[PDB]
Amino acid sequence: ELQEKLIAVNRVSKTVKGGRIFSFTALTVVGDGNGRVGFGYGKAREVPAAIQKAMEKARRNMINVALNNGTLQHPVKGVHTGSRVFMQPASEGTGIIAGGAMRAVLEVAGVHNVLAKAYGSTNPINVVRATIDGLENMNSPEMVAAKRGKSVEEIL
Amino acid sequence: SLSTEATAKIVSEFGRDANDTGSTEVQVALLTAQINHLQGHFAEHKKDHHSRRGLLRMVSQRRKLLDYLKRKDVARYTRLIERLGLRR
Amino acid sequence: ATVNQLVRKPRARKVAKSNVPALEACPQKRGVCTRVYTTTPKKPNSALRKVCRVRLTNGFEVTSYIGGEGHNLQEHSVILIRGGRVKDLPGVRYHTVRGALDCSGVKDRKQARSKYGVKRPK
Amino acid sequence: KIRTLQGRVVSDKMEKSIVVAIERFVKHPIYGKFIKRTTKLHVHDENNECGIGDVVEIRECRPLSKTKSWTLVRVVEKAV
Amino acid sequence: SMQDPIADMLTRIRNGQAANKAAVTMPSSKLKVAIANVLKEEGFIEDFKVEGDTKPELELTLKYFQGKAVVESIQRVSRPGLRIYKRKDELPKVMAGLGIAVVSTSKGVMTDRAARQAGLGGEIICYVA
Amino acid sequence: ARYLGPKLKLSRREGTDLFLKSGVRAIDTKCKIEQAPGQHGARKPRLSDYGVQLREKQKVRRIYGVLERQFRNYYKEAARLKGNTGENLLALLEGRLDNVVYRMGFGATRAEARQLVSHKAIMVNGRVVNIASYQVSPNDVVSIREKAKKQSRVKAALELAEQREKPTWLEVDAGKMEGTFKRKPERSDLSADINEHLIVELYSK
Amino acid sequence: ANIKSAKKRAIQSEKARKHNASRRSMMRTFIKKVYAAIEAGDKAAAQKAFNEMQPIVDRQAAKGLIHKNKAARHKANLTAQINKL
Amino acid sequence: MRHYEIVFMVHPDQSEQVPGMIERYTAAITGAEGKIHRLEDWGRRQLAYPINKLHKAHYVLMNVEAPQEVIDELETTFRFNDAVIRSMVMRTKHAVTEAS
Amino acid sequence: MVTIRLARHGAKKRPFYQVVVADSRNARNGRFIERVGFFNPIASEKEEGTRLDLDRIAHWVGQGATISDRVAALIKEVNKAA
RNA sequence: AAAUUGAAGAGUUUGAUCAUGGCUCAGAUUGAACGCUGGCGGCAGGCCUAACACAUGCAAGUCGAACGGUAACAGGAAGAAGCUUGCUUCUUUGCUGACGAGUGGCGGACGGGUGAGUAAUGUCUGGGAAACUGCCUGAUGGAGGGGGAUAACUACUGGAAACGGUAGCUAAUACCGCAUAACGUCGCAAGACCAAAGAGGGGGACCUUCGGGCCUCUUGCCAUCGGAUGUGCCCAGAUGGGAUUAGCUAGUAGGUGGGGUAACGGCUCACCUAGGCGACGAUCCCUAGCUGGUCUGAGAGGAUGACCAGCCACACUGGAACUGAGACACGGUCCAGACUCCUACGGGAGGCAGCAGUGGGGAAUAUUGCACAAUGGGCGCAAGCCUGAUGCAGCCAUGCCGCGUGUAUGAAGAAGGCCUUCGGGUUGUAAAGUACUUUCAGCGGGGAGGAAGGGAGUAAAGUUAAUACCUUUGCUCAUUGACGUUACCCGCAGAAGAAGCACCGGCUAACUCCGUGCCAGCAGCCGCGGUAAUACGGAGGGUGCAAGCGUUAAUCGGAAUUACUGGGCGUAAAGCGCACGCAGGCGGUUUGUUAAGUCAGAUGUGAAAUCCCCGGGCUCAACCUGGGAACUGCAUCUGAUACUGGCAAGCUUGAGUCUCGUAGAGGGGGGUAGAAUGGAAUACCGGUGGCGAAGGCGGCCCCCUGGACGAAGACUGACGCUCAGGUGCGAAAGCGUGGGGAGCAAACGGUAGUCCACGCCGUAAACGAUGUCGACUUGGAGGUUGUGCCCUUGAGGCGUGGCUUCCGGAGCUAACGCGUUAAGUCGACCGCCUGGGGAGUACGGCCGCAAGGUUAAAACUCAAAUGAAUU
């Protein structure tokens, strides 16, 4: 039920007086297909340890994403210190059009058609954090209705 | 700056009412009197690089005041040119 | 960059020159060789690269390159060059197409024969 | 009904002819900014009716010289 | 100087929302009163008050939704540097309808939806959402 | 144009069957379909996203027997339509006359059907048609020339299709030696194992 | 040159050029006459010269030698010069 | 029209000269449109350092309102007056009152 | 003068004409001032192969524009059919 | 109802991170070329290069119903006849049809080529008056009467030829008069003037000198007003780069008068004035035919003008004008220049950037084809002729699309090859075998359509004298095809005649085995190869395409790497060293006014094409084609007035003005006091403390003050901010003039030097690595200068302006870090940046005596350089 997929692994290393202690980091995001998605960073001695640590880190902090029937609410734009992210809710059956790192974090979220673009650098951690940030601060019509004290009909 | 008995005489000679020390008509006259007074000292030793800043500043202020005069009310403007002999 | 700084001077567009100017916006010219010799490449490459200085029709003078194994290109043998940059040699961007009206294609080859102009074996 | 123009006056040195100026307000195409462009026109004049700094309403007619085909029909804001 | 009073009002609102203040005070003007009206009748504040006779000031009662910022995305569009004018059909749509844009029109200031349903556009003031 | 090499090795490279051959025997009765074709068949690496996209593309293509150019033109025409892309593309691909007669059952395999139609043996509204890529209009009666009814392979494919499944949206008449393309196929009427969004995102790259 | 039609056109053009040159020289003499007359300053002689030179230039403009506009302009100019005296 | 605070110290051998000097100076002041509302005679007193001679000098204060011209005349007259040792003069500084 | 002639627009062995009106001193596919209709020599059974605006034709011929032979036979056939 | 449905990244600097930043690649397209192969068909395309020179052939003729006539041709007549008594065979007759050459009319200004020049004279969009217009079509009238020449021709004759010359001779719709006369031209009017031609068909009555007169219709001619088409002209806006191109321009700008154009106008001339354009970019220099459009792109934009269509320019080079309605003339003329060719050595002929083709350039682009059967164009009543326009054929896989090289069964899992754990696996239903089919080429038959017309004969109406003649409207009859051995259908036979290319380390879909040992070699980046190389060569296998595959070249995309949408400038590239101020940009609040911008609506236009979506026609598609909408544009009218724009009147909080005083290392010149060795620095106050737009400012007095500050009070009314050039100030360093020069110290104790005046130079880490001006924002701890309230109830507690120093919240920041004196939230304006080296260098230009300063490249070379922060 909780879908997950490894995005990228890096041969991180921190030197010691003897030589290079080759570690292995990993990143993985989990999601149910609805407005319940969380990510997790991993850093351990091996790929299995790294992915299981990233998983257990992602088994928590379930971010609730405001989603439409099968698409995003409205175009949003986010950035976290490394690059910007821009995405447009597209039509039905036009394909999950994303680039690299964003494809995983957008397919695990259960949305199948979003028109997205990522300006800036392509650091996977930063870009996935920016995507999650831009996905969290979205908003559904009923929420704006309650905020303004109006109805979903008055805002259409 | 200048003695009060001179500023008061200027504002009573160019003031269209009582104690209008800020009406441009008395401002320009006070500024000309001050510049004519500082000219005597400026004519000496030619080496006052610093004090020329206020000189150019008040010249520019009088210029912008006359610009406002010709931009909003030209009657008094043309009426005061011949009083002090401006435009050289 | 305010809008006034753009109205007084438009966005200065910059163009990128072509790396192979001798072709003069063409895919391949005809050239006449002047010298045939070999030079060793730079570290970390160790070989004797078969190069040659070729005189072109338009009056230029550029170095060429021959690939494969063995050749017969002596002096006064006109050739054709289509271009192509290689790093291991200093600023040469001209490869000689094997099998253009003067260059005999490499012999004893059965794979990728199109790049070296080798007829079909029977 | 007759299409006319309206602008300022630059000079009247030559007799029976003045060089009026018109400032159109055009939106810049590429940068969307609104900038004022000033054009000049040689207008055939009579009796040297106007001077520098006046406003005049002019209309277009047949050419009367090498670089002058406009005539003036009425004056507004006759002051300097 | 304060060449754009609308921009000063707008950034004071931007700061009051981020400062967790309830009421903010600014020198008012007819245009700012119109903006306050089109902002209140859209459900982002409580009410407005033009207090003062010779130097009137506007009183903005910043609404709150669980203490969070009810309105957080407001920026100038037609700044003094350049004026942007949009036709009826070419009007924008902030947040696919969830955002409101203020427009100055021959029939006074009104809402973008009211403008398009009346069949005419105008000059954009700011984007509110 | 048509691929004329080892046929079942294509299904081996796919991994499942493709209804390629006649069907008188099971697929595994002749080949090790689970085993990969070629010398190196003892390895199943992790097919990447682009890998699985290309695999699905080659799958649907070799299933329908269409080359890259015509398939890309079909994709263009499908995206040219209104609304969904995958469903329209599959509807178009199912509209080919050879595939239509194969579904009606006058041919055992796609190759046999395409050979039958390319030998002037099929008629739409009584007119002979030779183009294997002729799209069939809805509610358009087809038939078969009497000059070719005496071929045993016709009756063989007929009884084979009788032993096979029966399509819904295709009105066929066995004894009449003809049929009728009732209406456009439905998204559910297809085989659900054909992923279409992979095809959508592949070409649109 | 290369076509018989070109040669016939050249011959016909030479004939027409000689004819037109003769007639136009006659017209030029007739106009210079009244021009010198009006330059002299006499009313009667200049008027008579204009009256006698009107029909010839009229017929020349009618036969297609010159357009009617040129004849009308000449007549108007000479009439203005006459009426000046 | 500015006050000044002039004070000078004279050689001890010529201390008997100052009664005439002060008279001349006050006469010139009353003739030059000045006002003197304070006068001091501190007698003889020691110095901080023995300037130009032994440590003995007389102190006399004037505190005159006379214009700057006639007061500036004082030091110029002191130039060709080699009895006084030194002199010091300050500005108005809200011109002082009774010595105290 | 101004005439009403036929312009060629089709493919090899597949002719198709467009009755237009233009100056006589212009090319076949050259400029023209107005269209009238179209003629189809290869029209199949009961096809819209011959369309003309008789009002515009009468208007132009009122100006004195000459008329070709093919369009003359075409308008004769049209007026005789219905 | 539809006219849309639209955005992908990856690799690469470090031992390891992030960021900026350069580089490469994934895609599409082409007028493409090359290499390897190559079955067919349909539709398109095919010297971008030397506007280099052309052999040769064809590309503009037609009219006998305008003319004299007869060079051939064929048809009549009259006689000569050989007697064959009508017949073969001769001479004559323009007599007939027809027609060489010639006069004349029309047509060579259409159609067709190329982009050399051509940054405005040209092009596009939208307007305007001061014009003409043969052929086309309406309206109104005439269409009378004469004259002289000449071509061809005859004779003679010059010249090598072309080309002429002399004397006679005849025609008209050729030429020239007279009459002719308006609604025309000229004149206020009165008044004057202006043109022509007949031809063809027949025929009742007369008529006749034998031709005819006469009737009729058809057609032609002249004059005027029209319509339409086309062309000429003017204006407004838009229409490349270089300011390392700052002034240009006397027919120059304007005015008067004369001439000339179809038409206004310095178009031109004489005179008079001295103006006209220019920072909103004039001149000059460098390049370009422009537009609908084409490609790419999510869009905005970017590149470009190959076919097709519209407009402009040119015809060997530079000029000129004639004819003509229309040329300043592609297959016309004249002059000058070159080239080639001919010559009998005096003189002549020509211009393929037309259709083919030749030579040369090139890597490169084709047949010295057929036909006017179609649609056009010219001529003529018509028939009819020309048409290298055009309609089709020939070559090229150059581009797009379609079909075919078999189908089913078939494990003895054949043989062989390859790998191998030597058991076997792979090739592999693949093969062989069995059964079935004949699409397309090949063979032979049939076989649509592009074809409508015109011709011969007849009926009806129109027209008369006519039932002739002519015009239409019907009918009847032979017919009118280069394509074309047509598309297409039918029968023949036989698996038959019909597949290659690139790749296999990652980017990216695919792997093993032999040779080779940093050698040969491979490579779009990383880079591999030093005896087990998945990267080189070879073998099998696999992968991706397909009659094509691959390489190269060029334009866009990723490239947000020009960032207006959509970038920045504290440490990586960047805030001028600093002020005043012109131009220019922006601008507080209220009322009133106008309605230019703006918005809404309407009208006209935005050619046809192309793209889009609905349909149709080619057996489908390509292709063609019927509707719309777009053509995001421009102009005229009406209305709206919230905003700006223009105006009028206002207001004080912005800006300032005055008063009281304050602290003042603020600056110049004139004096004074000491310490040390006549000059110089004024040590102890002195402090992340004060003064200044700024570098900088320091013992004590006289002047100008300038700025800032606190206090309330009095005043003007938006007087303001920024500011390219421009002016001024200007650490330091370097000098020039006149000096000296205690100590000092490049160079040689010790020069100049620091200092005294006049000038120059304009340079710094001129840094706060932070341009200026404003509005809004959790605090704490200080120095500093300030006055008040109340009891100063001793420097008193509170708050208040500043100037100024550290921690630090939200926030921003790649990280460090900043954080009411932001590098936070925003506005206004001006500067600078697009990888590193070359190099702030050359070339100039400008300023300076000079040193020097400002502005300021490309060629070339590399694939990194560059910041923080830890291990």
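Please note: Cβ atoms are built from the backbone with ideal geometry, for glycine as well, and neighbour counts cover all protein chains shown. Computed from the coordinates by the stated procedures, all read-outs in this text should not be read as laboratory data.
Do you know which of the residues in segment G:30-62 that are closer than 20 Å to G:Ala16 by Cα and more than 6 Å from RNA strand J (Cβ to nearest atom) is farthest from the other protein chains (Cβ to nearest Cβ)?
Restricting to residues being closer than 20 Å to G:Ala16 by Cα and more than 6 Å from RNA strand J (Cβ to nearest atom), the top hit is G:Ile56.
May I ask you to verify whether B:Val59 is touching a helix residue (DSSP H, G or I) at 6+ places or on another chain (Cβ under 8 Å) and closer than 23 Å to H:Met1 by Cβ?
Against the criterion (touching a helix residue (DSSP H, G or I) at 6+ places or on another chain (Cβ under 8 Å) and closer than 23 Å to H:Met1 by Cβ), B:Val59 does not qualify.
Residue-level analysis places E:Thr11 among those that are without any contact (Cβ under 8 Å) to a residue 12 or more places away in the chain and near RNA strand J (Cβ under 7 Å from one of its atoms). Scanning segment F:7-53 for residues being surrounded by 11 or more Cβ atoms within 10 Å (Cβ to Cβ) and near RNA strand J (Cβ under 6 Å from one of its atoms) gives a total of 10.
Pairs linking a residue in segment A:64-81 that is within 14 Å of chain E (Cβ to nearest Cβ) and touching a residue at least 24 places away in the same chain (Cβ under 8 Å) to a residue that is of a type in the set (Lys, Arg) and buried (at least 17 other Cβ atoms within 10 Å of the Cβ), with Cβ atoms under 7 Å and 6 or more positions apart or on different chains, do not occur.
Taking C:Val51 as the residue in question, decide whether it is part of a loop (DSSP other than H, G, I, E, B), surrounded by 11 or more Cβ atoms within 10 Å (Cβ to Cβ) and not basic (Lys, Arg). No; evaluated as a whole, the condition is false for this residue. The set of residues in segment F:9-59 being within 18 Å of F:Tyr102 (Cβ to Cβ) and assigned to a helix (DSSP H, G or I) consists of F:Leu10, F:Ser11, F:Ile27, F:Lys59. Of the residues in segment A:115-124, at least one is away from every other protein chain (no Cβ under 14 Å), surrounded by 15 or more Cβ atoms within 10 Å (Cβ to Cβ), free of Cβ contacts under 8 Å to residues at least 40 places away in the same chain and not aromatic (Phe, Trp, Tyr). Within segment C:68-78, identify whether any single residue is assigned to a strand (DSSP E or B) and either within 7 Å of RNA strand J (Cβ to nearest atom) or surrounded by 13 or more Cβ atoms within 10 Å (Cβ to Cβ) (or both), and answer yes or no. Yes, the conditions are met somewhere in segment C:68-78.
In segment F:116-205, counting only strands (runs of 3 or more DSSP E) that sit wholly within it, the ones holding 1 or more residues that are within 11 Å of RNA strand J (Cβ to nearest atom) span F:122-124. Just name the residue that is surrounded by the most Cβ atoms within 10 Å (Cβ to Cβ) out of those in segment B:1-29 that are near RNA strand J (Cβ under 6 Å from one of its atoms) and hydroxyl-bearing (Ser, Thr, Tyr). Ranking the candidates gives B:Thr24 first. If we keep just the residues of segment E:111-128 that are crowded, with 18+ Cβ neighbours inside 10 Å and of a type in the set (A, V, I, L, M), which is farthest from RNA strand J (Cβ to nearest atom)? Taking the candidates together, the pick is E:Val128. Of the listed requirements (1) assigned to a strand (DSSP E or B); (2) closer than 25 Å to D:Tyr31 by Cα; (3) touching a residue at least 60 places away in the same chain (Cβ under 8 Å), E:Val109 misses just one: (2). Annotation note: of C:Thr2, C:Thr34, C:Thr57, the sole residue that is under 30 Å from D:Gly32 (Cβ atoms) and either in contact (Cβ under 8 Å) with a residue 24 or more places away in the chain or within 14 Å of another protein chain (Cβ to nearest Cβ) (or both) is C:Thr2.
Please work out if I:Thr3 is within 6 Å of RNA strand J (Cβ to nearest atom) and surrounded by 13 or more Cβ atoms within 10 Å (Cβ to Cβ).
Yes; evaluated as a whole, the condition is true for this residue.
Summed over segment I:34-60, residues that are loosely packed, with under 11 Cβ neighbours inside 10 Å and part of a loop (DSSP other than H, G, I, E, B) total 5. Scanning segment F:66-104 for residues that are assigned to a loop (DSSP other than H, G, I, E, B) and surrounded by fewer than 22 Cβ atoms within 10 Å (Cβ to Cβ), we see that the one that is nearest to the other protein chains (Cβ to nearest Cβ) is F:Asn84. The residue list A:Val127, A:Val144, A:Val111, A:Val105 contains one member that is surrounded by 20 or more Cβ atoms within 10 Å (Cβ to Cβ) and either within 14 Å of chain E (Cβ to nearest Cβ) or touching a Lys or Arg at 6+ places or on another chain (Cβ under 7 Å) (or both), which is A:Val144. Given the criteria of a type outside the set (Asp, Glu), in a helix (DSSP H, G or I) and away from every other protein chain (no Cβ under 14 Å), does A:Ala26 qualify? Answer is no for this residue. Summed over segment I:24-33, residues that are exposed (fewer than 13 other Cβ atoms within 10 Å of the Cβ) and either of a type outside the set (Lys, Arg) or under 16 Å from I:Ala72 (Cβ atoms) (or both) total 5. Note on segment C:94-113: among residues that are more than 7 Å from RNA strand J (Cβ to nearest atom) and in contact with a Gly (Cβ under 9 Å, 6 or more places away or on another chain), the one that is nearest to C:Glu61 (Cα to Cα) is C:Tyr94.
Can you name the residue in segment B:30-88 that is polar (S, T, N, Q) and near RNA strand J (Cβ under 7 Å from one of its atoms) and, of all such residues, is surrounded by the most Cβ atoms within 10 Å (Cβ to Cβ)? Checking each candidate, the answer is B:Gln34. The residues of segment F:186-205 that are out of contact with any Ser or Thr (no Cβ under 9 Å at 6 or more places or on another chain), in contact (Cβ under 8 Å) with a residue 12 or more places away in the chain and either hydroxyl-bearing (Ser, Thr, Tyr) or more than 14 Å from chain A (Cβ to nearest Cβ) (or both), listed by number, are F:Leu190, F:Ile194, F:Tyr203.
Would you pick out the residues in segment A:129-140 that are in contact (Cβ under 8 Å) with a residue 60 or more places away in the chain, assigned to a helix (DSSP H, G or I) and touching a helix residue (DSSP H, G or I) at 6+ places or on another chain (Cβ under 9 Å)? A:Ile132, A:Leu135, listed by residue number.
When A:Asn61, A:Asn126 are checked against the criterion of being over 30 Å from F:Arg80 (Cβ atoms) and part of a loop (DSSP other than H, G, I, E, B), a single residue qualifies: A:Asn61.
The residue that is farthest from the other protein chains (Cβ to nearest Cβ), counting only those in segment E:69-97 that are more than 7 Å from RNA strand J (Cβ to nearest atom) and either in contact with a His (Cβ under 6 Å, 6 or more places away or on another chain) or of a type in the set (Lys, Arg) (or both), is E:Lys93.
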